[PDB]
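Worksheet: the structure to be examined is printed underneath.
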Amino acid sequence: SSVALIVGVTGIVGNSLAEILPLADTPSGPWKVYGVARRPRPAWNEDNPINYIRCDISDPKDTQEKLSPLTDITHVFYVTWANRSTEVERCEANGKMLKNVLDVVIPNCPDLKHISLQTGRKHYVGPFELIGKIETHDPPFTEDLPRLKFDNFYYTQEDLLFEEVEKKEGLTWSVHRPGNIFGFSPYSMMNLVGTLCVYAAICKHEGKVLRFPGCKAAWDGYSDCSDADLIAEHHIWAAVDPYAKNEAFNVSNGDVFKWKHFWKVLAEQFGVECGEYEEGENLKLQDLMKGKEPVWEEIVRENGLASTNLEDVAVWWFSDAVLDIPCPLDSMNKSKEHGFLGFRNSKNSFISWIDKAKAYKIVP
Ligand SMILES: NC(=O)c1ccc[n+]([C@@H]2O[C@H](COP(=O)([O-])OP(=O)(O)OC[C@H]3O[C@@H](n4cnc5c(N)ncnc54)[C@H](O)[C@@H]3O)[C@@H](O)[C@H]2O)c1
Ligand SMILES: CC(=O)[C@H]1CC[C@H]2[C@@H]3CCC4=CC(=O)CC[C@]4(C)[C@H]3CC[C@]12C
Numbered sequence: 026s027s028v029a030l031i032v033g034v035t036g037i038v039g040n041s042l043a044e045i046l047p048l049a050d051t052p053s054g055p056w057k058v059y060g061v062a063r064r065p066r067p068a069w070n071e072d073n074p075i076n077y078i079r080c081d082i083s084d085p086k087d088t089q090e091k092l093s094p095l096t097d098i099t100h101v102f103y104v105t106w107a108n109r110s111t112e113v114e115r116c117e118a119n120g121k122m123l124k125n126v127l128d129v130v131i132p133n134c135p136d137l138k139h140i141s142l143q144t145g146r147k148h149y150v151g152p153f154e155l156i157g158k159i160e161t162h163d164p165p166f167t168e169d170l171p172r173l174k175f176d177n178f179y180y181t182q183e184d185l186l187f188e189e190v191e192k193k194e195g196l197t198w199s200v201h202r203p204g205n206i207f208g209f210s211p212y213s214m215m216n217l218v219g220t221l222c223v224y225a226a227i228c229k230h231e232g233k234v235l236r237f238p239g240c241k242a243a244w245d246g247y248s249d250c251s252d253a254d255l256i257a258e259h260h261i262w263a264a265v266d267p268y269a270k271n272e273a274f275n276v277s278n279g280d281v282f283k284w285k286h287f288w289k290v291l292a293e294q295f296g297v298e299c300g301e302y303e304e305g306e307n308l309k310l311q312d313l314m315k316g317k318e319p320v321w322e323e324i325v326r327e328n329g330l331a332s333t334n335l336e337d338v339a340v341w342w343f344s345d346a347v348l349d350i351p352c353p354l355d356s357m358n359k360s361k362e363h364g365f366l367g368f369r370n371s372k373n374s375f376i377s378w379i380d381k382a383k384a385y386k387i388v389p
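And the structure:
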């Protein structure tokens with residue numbers, strides 16, 4: 026039987042992996058699940074049969090401390106990251122985080138079969154600062170085209186992973202590059218759905234219109250996204266399928282959409298009146314929601330929500346970052362040609378993840 030390690034279990038995809046791995050019908054199930062994180066176990070992670078572990082993977086001592094006793098690990102799911110001012114600092118911080126984990130697991134786990142590493146569609150468009158500013162390859166992005174000639178901590182992590190798996194015969198790897206992730210995790214540093222839900226709940230409480238905080242290309246152009254549960258199934262599939270070993274795969278829901286339509290979905294789900302894209306405005310939730318923490322705590326008590334601080338639940342800079350730029354699509358041909366036929370209805374996923382945030386009483 027298989028034993029999984031989820032590096033970043035309170036994450037947006039780690040929480041999906043924590044919910045799906047111990048399922049009875051999950052491939053290679055039953056699954057024993059260790060889940061690594063720093064914070065204490067929150068309230069939306071409590072009803073899963075997961076063996077929680079508190080550890081800062083940037084500290085090589087706590088990583089040797091907490092992970093050396095773990096003997097039975099068969100598969101590893103690295104699904105965390107760290108943000109810094111420049112991309113060079115992200116290469117250093119995230120390379121060391123992945124290295125500390127692998128230095129421990131590979132020798133101290135005799136049955137280690139697979140390591141799956143989650144990167145992203147930034148692999149193709151470049152780091153945050155350079156996005157829209159550098160000549161990329163032409164979309165839709167395919168997995169095995171040359172890397173951009175710029176720094177990128179996805180590149181740094183991939184090279185590291187390739188060297189580390191060599192230290193064990195029959196050790197095998199996979200990397201998964203999702204688009205914007207539709208999922209549920211209040212602790213996530215990039216939870217787009219949760220951020221858009223809070224902005225809709227604040228527009229509702231104030232009687233103001235849900236205005237689009239982005240550009241016309243995100244409003245009127247084609248967009249796609251990656252469902253968190255679908256990314257989890259994508260990890261598990263590559264972890265257990267030997268015809269997907271040592272390969273990089275995109276993972277997106279399989280359909281496109283326009284935030285023009287999704288806005289009315291978001292508007293319908295919170296009772297707000299849908300606003301349209303206003304030209305020559307360039308509205309930023311980071312600016313628009315400045316100093317609105319009292320309004321949030323007013324919403325929380327008036328709707329019996331869970332005790333949440335606006336900063337944790339809404340990452341305005343991320344939301345602004347995604348809606349201010351056009352959406353270049355990726356291709357799911359390589360995954361489908363290797364036998365992964367999973368998919369999601371992006372509209373239904375959006376509603377589904379909105380309703381999960383409502384269900385856990387994070388938004389009204
Ligand atoms: N969030 C997104 O929308 C998004 C979309 C595309 C690709 N990505 C890529 O997915 C990968 C993972 O992102 P995410 O968004 O799933 O993560 P996340 O922010 O949603 O959650 C990360 C998880 O790891 C844990 N954690 C963070 N710091 C830690 C540390 N120092 N030590 C141990 N654990 C730690 C957190 O507690 C959290 O549980 C990243 O490389 C990201 O580039 C994310
Ligand atoms: C709808 C949209 O604007 C999305 C589609 C492709 C997405 C970008 C490319 C993929 C992506 C992944 C990340 O983890 C950081 C933000 C970026 C860089 C995304 C920001 C928002 C974009 C541009």
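For the sequence shown, the UniProt record's numbering assigns the number 26 to the initial residue and increments by one for each residue that follows. Don't be surprised by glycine CBs; every beta carbon is placed ideally from N, CA and C.
Short of 8 Å in beta carbon distance, which residues of its chain neighbour residue i, apart from the five on each side in sequence? Order them along the chain.
i: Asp-345; result: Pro-238, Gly-239, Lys-309, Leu-310 and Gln-311
i: residue 21; result: No information on residue 21 is available, as it lies outside the stretch 26 to 389 that the chain covers here.
i: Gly-246; result: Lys-283, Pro-351 and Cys-352
i: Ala-107; result: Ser-83, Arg-115, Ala-118, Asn-119 and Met-122
Helix or strand or just coil, what does DSSP make of residue i?
i: residue 392; result: Lying before the first or after the last residue shown, residue 392 is absent from the chain, which here runs from 26 to 389.
i: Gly-246; result: coil
i: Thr-220; result: helix
i: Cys-299; result: strand
i: residue 392; result: With the chain running from 26 to 389 in the structure shown, residue 392 is simply not present.
i: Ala-257; result: helix
i: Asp-266; result: coil
i: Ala-62; result: strand
i: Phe-287; result: helix
i: residue 25; result: This structure does not reach residue 25, given that the chain is present from 26 up to 389, and the question cannot be answered.
i: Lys-57; result: strand
i: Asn-76; result: strand
i: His-148; result: helix
i: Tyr-179; result: helix
i: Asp-81; result: coil
i: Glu-272; result: strand
i: residue 3; result: Any question about residue 3 goes unanswered here, given that the chain covers just 26 to 389.
i: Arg-172; result: coil
i: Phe-207; result: strand
i: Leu-92; result: helix
For residue i, verify whether its CB is less than 6 Å away from any heavy atom of ligand 2.
i: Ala-243; result: yes
i: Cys-240; result: no
i: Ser-251; result: no
i: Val-290; result: no
i: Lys-147; result: yes
i: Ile-256; result: no
i: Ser-248; result: yes
In its own chain, which residues sit with a C-beta less than 6 Å from the C-beta of residue i, not counting the 5 before and 5 after it?
i: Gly-33; result: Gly-39, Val-104 and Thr-105
i: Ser-332; result: none
i: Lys-386; result: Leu-330 and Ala-331
i: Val-297; result: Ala-225, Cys-228, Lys-229 and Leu-235
i: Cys-134; result: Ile-98
i: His-139; result: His-100, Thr-197 and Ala-264
i: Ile-324; result: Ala-226 and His-230
i: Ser-53; result: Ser-27 and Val-265
i: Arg-115; result: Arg-109 and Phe-178
i: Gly-151; result: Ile-159, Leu-173 and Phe-175
Quick check: is the beta carbon of residue i nearer than 7 Å to any beta carbon in chain C?
i: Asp-380; result: The question asks about chain C, but that chain is absent: this structure has only one protein chain.
Could you tell me whether any non-hydrogen atom of ligand 1 is closer than 6 Å to the CB of residue i?
i: residue 24; result: In this structure the chain extends from 26 to 389, so residue 24 is not present and cannot be described.
i: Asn-76; result: no
i: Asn-205; result: yes
i: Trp-106; result: yes
i: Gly-279; result: no
i: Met-214; result: yes
i: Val-38; result: yes
From this set, the options, which residue's C-alpha is nearest residue i's C-alpha?
i: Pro-67; options: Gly-195, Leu-123, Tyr-212 and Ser-53; result: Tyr-212
i: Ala-253; options: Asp-245, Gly-246, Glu-44 and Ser-27; result: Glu-44
i: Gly-208; options: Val-200, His-162, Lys-86 and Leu-221; result: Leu-221
i: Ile-379; options: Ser-110, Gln-294 and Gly-316; result: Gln-294
i: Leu-137; options: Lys-289, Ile-376, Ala-29 and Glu-306; result: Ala-29
i: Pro-389; options: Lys-381, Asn-328, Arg-109 and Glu-336; result: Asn-328
i: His-286; options: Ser-248, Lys-233, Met-122 and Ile-78; result: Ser-248
i: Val-200; options: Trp-262, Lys-193, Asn-334 and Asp-72; result: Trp-262
i: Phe-153; options: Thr-111, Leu-217, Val-281 and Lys-174; result: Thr-111
i: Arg-369; options: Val-281, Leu-335 and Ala-292; result: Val-281
i: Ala-242; options: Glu-71, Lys-192 and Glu-304; result: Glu-304
i: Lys-317; options: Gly-279, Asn-334, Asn-307 and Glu-71; result: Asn-334
i: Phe-102; options: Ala-257, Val-338 and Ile-159; result: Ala-257
i: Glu-336; options: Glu-322, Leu-348 and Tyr-302; result: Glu-322
i: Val-223; options: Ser-210, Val-338, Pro-74 and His-162; result: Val-338
i: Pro-132; options: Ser-93, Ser-374, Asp-163 and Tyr-268; result: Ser-93
Spatial neighbours of residue i within its chain, please: C-beta separation below 7 Å, excluding the five flanking residues on both sides.
i: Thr-88; result: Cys-80, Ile-82, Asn-125, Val-126 and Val-129
Cβ contact check for the stretch 270-280 and the stretch 161-181: 3 or more pairs under 8 Å: yes
The stretch 144-152 contacting the stretch 198-216, beta-carbon criterion three pairs below 8 Å: yes
The stretch 347-364 in contact with the stretch 275-283 per 3-pair CB rule at 8 Å: Contact holds: three or more Cβ-Cβ distances are below 8 Å.
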